[PDB]
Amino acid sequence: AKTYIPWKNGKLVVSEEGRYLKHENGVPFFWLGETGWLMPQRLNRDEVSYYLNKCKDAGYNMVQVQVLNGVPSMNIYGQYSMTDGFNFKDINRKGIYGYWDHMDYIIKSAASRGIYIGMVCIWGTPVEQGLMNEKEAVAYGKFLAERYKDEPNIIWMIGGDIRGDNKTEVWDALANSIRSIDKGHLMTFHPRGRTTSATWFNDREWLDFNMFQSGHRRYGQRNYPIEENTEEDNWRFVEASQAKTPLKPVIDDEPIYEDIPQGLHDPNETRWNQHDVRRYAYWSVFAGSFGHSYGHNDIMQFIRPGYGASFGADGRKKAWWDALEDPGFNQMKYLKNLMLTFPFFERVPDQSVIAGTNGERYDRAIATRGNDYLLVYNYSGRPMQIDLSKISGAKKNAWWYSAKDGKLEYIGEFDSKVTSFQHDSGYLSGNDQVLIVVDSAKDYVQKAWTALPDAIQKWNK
């Protein structure tokens, strides 16, 4: 089938209930993000095409980058991002393929594949180091907005692994400068680990939605902006952000990365794996997030042999082109395809769908529902009691949905009451399921299906 181009449906807009993203014509936008931080600095033209092809084929519709990782930044071609600080008057040179011409090419390359670029204007580190002041932030924002306002596939990202109370004046100057010119793209803030942008900027008129970073510490790794022994409960950040008024959408834009060490800095520590990657994804979305962003330790830094690695990556062991074949990267599509199968905007998180005593930590089942359907993600497989009366219908149909491979298995028809469910698979064996329950009068899911069809095709002609 033809390439799905999301912006054929119009610009991205925050939906009326303040929880999800939609296009202008009302079509849902389930954000499925990939993290390609060092793509502008490390990938050449052919590598950009290959990486974005792989992202498109794995269902990603948002790839985020560090537009600038330094002052100045340098790309693989040996081109500077700035010649005279933040003075961009003479940045374009006739017959020269410049740093910003390669940035233009990355955005056009994503556009032909139906992918939005998440533009982290400037990573937090050079800003924290005082390399961009308020005056320069205004000039940089003017340059970025005038260059990219007419490119449809852009999402502005202020910050970049930094607290909102760190160089606040600089971030506000940058955000308001872009915002004065570009009213056709959504904007947000990428915060420090274990923080949410909602803590500082929920009430900012330039912020359309919030993001948080739940990565990359394990339970009990304080060695603090969060409660002790709650590190891996990324659903807590969703709750904390949405408790703030006005209600705005939220997403985990930086959960744990596949193959990154627990706590980042010890390369001999236990690495986060595909099962953990799925757990963070479903926990964030079922808590109320509008979508999810994934990352891989080898891909985000585009590691290859002969490059120094961050956080225990090893170019000689696995390069970014090999990490594109890893399980977690290729399982995110099953989360996106599931969410797009059901009425999208009436969805709410609802732990009251789980009756009896819910489990703790990895045994905490998590539920979300519409008016006529409910979804319960159970990472461990611990038996559950589900209150089927929380959705419509005298009778309900139920299915098991395998998060690792999208396998669908019909269970049967049930009367509307508190019902026991347990999946026939190893406990804590990486056979995490979503329990799908739908009012028997609705046909979002068919009884004979062993997979979900491509839900996007409803809006692709």
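Note that residue numbering begins at 1 and tracks the sequence as displayed.
Missing coordinates between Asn223 and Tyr224 amount to 4 to 9 residues of the deposited sequence. The stretch with the higher mean CA B factor, choosing between 81-89 and 137-145, is 81-89. If you average the C-alpha B-factors over 384-392 and over 336-344, the higher value belongs to 384-392. The top Cα temperature factor in the record, among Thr188, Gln331, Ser109, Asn358, falls on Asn358. Among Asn371, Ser284, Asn153, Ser73, the highest C-alpha B-factor in the deposited entry belongs to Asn371. Among the modelled residues of the chain, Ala313 sits in the middle third by CA temperature factor in this PDB entry.
When the modelled residues of the chain are ordered by C-alpha B-factor, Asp46 sits in the lowest third.
Ranked within its chain, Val120 lands in the lowest third, by CA B factor from the PDB record. Remark: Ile436 belongs to the middle third of its chain, ranked by C-alpha B-factor as recorded. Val353: CA B factor lies in the highest third for its chain, per the PDB record.
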